[PDB]
Amino acid sequence: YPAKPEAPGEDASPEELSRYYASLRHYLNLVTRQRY
């Protein structure tokens with residue numbers, strides 16, 4: 001389970017705070033070990 005999480009976002013748009021770069025977390029905190 002790699003990254004590439006389209007991520008949600010919405011505070012501003014699909015980025016809210018910079019391509020939801022902040023939400024990027026998902027990646028190794030969504031694919032990391034808990035698995036999808």
# chains A, B, ... in the order shown; residues from 1 in each chain; ligands from 1
>>> residues_around(residues="range 6-17 of chain A", least_positions_apart="5", cutoff="10 Å", atoms="only C-alpha atoms", output="number ranges by chain")
A: 22-27
>>> write_last_selection(atoms="N, CA, C and O atoms", output="PDB file, in the first residue's frame")
ATOM      1  N   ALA A  22      -1.040  19.022   3.807  1.00  0.00           N
ATOM      2  CA  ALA A  22      -1.152  18.641   5.230  1.00  0.00           C
ATOM      3  C   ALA A  22      -1.804  17.274   5.318  1.00  0.00           C
ATOM      4  O   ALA A  22      -1.337  16.400   6.004  1.00  0.00           O
ATOM      5  N   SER A  23      -2.887  17.084   4.630  1.00  0.00           N
ATOM      6  CA  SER A  23      -3.570  15.773   4.676  1.00  0.00           C
ATOM      7  C   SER A  23      -2.648  14.681   4.131  1.00  0.00           C
ATOM      8  O   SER A  23      -2.805  13.527   4.460  1.00  0.00           O
ATOM      9  N   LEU A  24      -1.679  15.042   3.322  1.00  0.00           N
ATOM     10  CA  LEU A  24      -0.724  14.029   2.761  1.00  0.00           C
ATOM     11  C   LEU A  24      -0.456  12.931   3.789  1.00  0.00           C
ATOM     12  O   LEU A  24      -0.195  11.796   3.447  1.00  0.00           O
ATOM     13  N   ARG A  25      -0.521  13.283   5.042  1.00  0.00           N
ATOM     14  CA  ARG A  25      -0.280  12.291   6.145  1.00  0.00           C
ATOM     15  C   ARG A  25      -0.745  10.907   5.714  1.00  0.00           C
ATOM     16  O   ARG A  25      -0.015   9.931   5.792  1.00  0.00           O
ATOM     17  N   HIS A  26      -1.977  10.837   5.292  1.00  0.00           N
ATOM     18  CA  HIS A  26      -2.590   9.534   4.850  1.00  0.00           C
ATOM     19  C   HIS A  26      -1.520   8.559   4.443  1.00  0.00           C
ATOM     20  O   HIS A  26      -1.424   7.454   4.919  1.00  0.00           O
ATOM     21  N   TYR A  27      -0.775   8.965   3.487  1.00  0.00           N
ATOM     22  CA  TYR A  27       0.249   8.096   2.917  1.00  0.00           C
ATOM     23  C   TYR A  27       0.818   7.075   3.906  1.00  0.00           C
ATOM     24  O   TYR A  27       0.377   5.951   3.947  1.00  0.00           O
TER      25      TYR A  27
END
>>> residues_around(residues="residue 31 in chain A", least_positions_apart="2", cutoff="12 Å", atoms="only C-alpha atoms", output="number ranges by chain")
A: 1-5, 24-29, 33-36
>>> select_by_dssp(residues="range 2-33 of chain A", states="helix (DSSP H, G or I)", output="PyMOL selection string")
chain A and resi 23-31
